[PDB]
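One-letter residues, chain by chain:
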Amino acid sequence: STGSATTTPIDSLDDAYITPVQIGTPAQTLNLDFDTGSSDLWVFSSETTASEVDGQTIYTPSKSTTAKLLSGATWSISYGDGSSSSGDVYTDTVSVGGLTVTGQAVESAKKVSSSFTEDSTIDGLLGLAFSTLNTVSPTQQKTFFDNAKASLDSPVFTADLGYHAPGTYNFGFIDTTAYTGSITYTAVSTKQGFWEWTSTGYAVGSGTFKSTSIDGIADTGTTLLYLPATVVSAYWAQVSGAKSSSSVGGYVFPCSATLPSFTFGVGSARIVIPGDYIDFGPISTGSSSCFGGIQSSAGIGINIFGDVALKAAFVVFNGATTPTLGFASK
């Protein structure tokens, strides 16, 4: 089997991407944030504290003839950005782009933190990291991909995120028309439960390529590109007037600037992030200080190849017995 679904930016900055997902019988369609950096499929629901729901579409398990309470199961997650959610668990039928999994753990939120409430466009998350990170207790549950894997034509999914435009998540096949040149594959460590890999280096603008190993995670659920302070400083030094602002929470730059591109290495191959992808707009409405899309990972504890990086590529998440990651230009 295969599936194919369009993923759409939630706003004009590509802060996140939402993909429609069918849950239950009859189908209830929710717009979920597909997140290769976590492993829980959780939704706003009829059980979510009412004051914490503000415009989201909810899953109502009592209206699904295929929903079953997973007795005794609870979940609770805290994300790297400080947000969180928790609740109980149903199993139900979940379909993405024509690909159906029966008995998928659907984690129903009883509580969500303010950042979730305040984002009316995101109805929940669909985790696509390794199932070892799933938070359900006392019986850990599998991701949608893990459940689908054996039935897929090939044990893969691909992320093709757009810049200020829709893109695609495919399951079970590689669309050879969606990228240019060849796909370069690189090793993955699953030791921390992430799609963790090692970039071979970087360049800033038209500058020379610096060969240096950068361990990090391919994370569709993180907006920006978080890299070591040395790398980030070298980038922003090429933008007149750019500076790290402790009050704002990262590097800012004059909105009048033209940003240089940023290149990262995948083996001997190179992915070029155009400068415009690194512009996250005014820090507050009307400001002439703009927020940068490349930021320091110092104090995160891990480097993160988030949407800024991934949207410059066609990315293969290869879930074969030994997982790997593939990147192509597009």
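The deposited coordinates derive from X-ray crystallography, with the record listing a resolution of 1.2990 Å.

Under the PDB entry, the name given to the protein chain is endothiapepsin, and the source organism is Cryphonectria parasitica. Within the Protein Data Bank, this record goes by the title "Automated refinement of diffraction data obtained from an endothiapepsin crystal treated with fragment 131". Looking at the Sequence similarities heading of the UniProt record, one finds this comment for the protein chain: "Belongs to the peptidase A1 family."

(A) Summary view of helix α3 (residues 229-236). Every buried residue of α3 is accounted for by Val231, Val232, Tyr235 and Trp236. For α3, the arc enclosing every buried residue in end-on projection is 125 degrees, short of the 170-degree limit, so these residues lie on one face.

(B) Region of interest: the pairing of strand β5 (residues 68-78). Pairing between β5 and strand β6 (residues 84-96): seven bridges, direction antiparallel. Within β6, the residue paired with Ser76 across the bridge is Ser86. Hairpin geometry of β5 and β6 is characterised by an intervening segment of five residues between the two adjacent antiparallel strands and by a positive phi of about 95 degrees at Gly82.

(C) Focus on the UniProt feature "disulfide bond" in the protein chain. In this model the sulfur atoms of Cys255 and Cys290, a pair UniProt annotates as disulfide-bonded, sit 2.0 Å apart, close enough for the bond to be present. Taken together, the residues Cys255 in the loop between β16 (250-254) and β17 (262-266) and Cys290 in strand β20 (residues 289-292) connect sequence positions 35 residues apart. Since its relative accessible area comes to 4%, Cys290 is described here as buried.

(D) Seen up close, the UniProt feature "active site" in the protein chain. Residues given the UniProt feature "active site" here are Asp35 and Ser199. Looking only at the residues we just named, the largest pocket is lined by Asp35. Note that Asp35 resides in strand β3 (residues 28-35). Of note is the side chain of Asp35, whose polar atom sits 3.0 Å from the backbone nitrogen of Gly37. By the element assignment, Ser199 lies in strand β12 (residues 196-204). Beyond its immediate sequence surroundings of up to four residues, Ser199 is in contact with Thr212, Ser213, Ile214, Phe264, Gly265 and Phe305.

(E) Broad picture of the domain arrangement of the protein chain. On domain assignment, one finds that the protein chain holds domain 1 (5-174) and domain 2 (175-330). Listed as interface residues are 30 residues of domain 1 and, on the opposing side, 33 residues of domain 2. Elements that contribute at least two residues to the side of domain 1 that touches domain 2 include exactly β3, β9 (156-160) and β10 (167-171). Looking at the side of domain 1 that touches domain 2, the element that brings in the most residues is β9, giving five residues. Each residue belonging to the side of domain 1 that touches domain 2 can be placed in one class, and the counts come to 18 nonpolar, six polar and six charged.

(F) Local environment of the pattern of salt bridges. A full pass over the atoms with the stated rule returns two salt bridges. Here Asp14 ties to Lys311 by a salt bridge, and the two come within 2.8 Å at their closest N and O atoms. Taken together, the residues span a long stretch of sequence, with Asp14 in the loop between β1 (3-9) and β2 (17-23) and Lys311 in the loop between α4 (307-310) and β23 (314-318) at a distance of 297 residues. Note that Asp160 is salt-bridged to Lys330, the shortest N-O span being 2.7 Å. Of this pair, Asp160 sits in strand β9 while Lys330 is found in the segment after β24 (324-328), placing the two residues 170 residues apart along the sequence.

(G) Spatial organisation of the nonpolar core. Counting residues in each nonpolar core, the largest one holds 68 residues, and the members touching the most others are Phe171, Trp236, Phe262, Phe264, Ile273 and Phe327. When residues in this core are grouped by element, the largest group, four residues, is from α3. Looking at which domains feed residues into this core, each of domain 1 (5-174) and domain 2 (175-330) gives three or more. Discounting chain neighbours no more than four positions away, the residues touching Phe171 are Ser1, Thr2, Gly3, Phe34, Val96, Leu99, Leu128, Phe144, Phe145, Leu152, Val156 and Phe157.

(H) Just the sheet that holds β16, in detail. Pairing in this open sheet of four strands is antiparallel, and the strands run β15-β16-β20-β19 from one edge to the other. The open sheet has two edge strands with one neighbour each: β15 (243-245) and β19 (279-282). In this sheet, neighbouring strand axes are inclined to one another by 40 degrees on average, regardless of whether the strands run parallel or antiparallel. Judged from the two bridges that link them, β19 and β20 form a sheet pairing that is antiparallel. Among the inter-strand pairings, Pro282 is bridged to a residue of β20, identified as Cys290.

What counts as what
Residues numbered from 1 in each chain as written, not as in the entry; some residues may be left out. Heavy atoms only, no water. Residues with missing side-chain atoms left out of burial classes, pairs and counts. UniProt positions renumbered as here; feature names shortened; annotations may be inferred. Buried < 20%, exposed > 50% of the residue type's maximum accessible area, 1.4 Å probe, protein only. Helix = DSSP H or I, 4+ residues; strand = E, 2+ residues; numbered from the N terminus. Arc of directions from axis to C-beta. Pairing = 2+ DSSP bridges. Disulfide = S-S within 2.5 Å. 1 Å grid on protein atoms, 1.4 Å probe; cavity = no way out; pocket = protein on both sides within 12 Å on 5 of 7 lines; lining within 4 Å. Polar contact = N/O pair within 3.5 Å; in protein donor to acceptor, adjacent residues only side chain to side chain. Contact = heavy atoms within 4.5 Å. Domains from an automatic or database assignment. Nonpolar A, V, L, I, M, F, W, Y, C, P; charged D, E, K, R; others polar. Salt bridge = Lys/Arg side-chain N within 4 Å of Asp/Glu carboxyl O. Core = buried A, V, L, I, M, F, W, Y, C linked by side-chain atoms within 4.5 Å. Axes fitted to C-alpha atoms, helices over the stretch in contact; angles between N-to-C directions.

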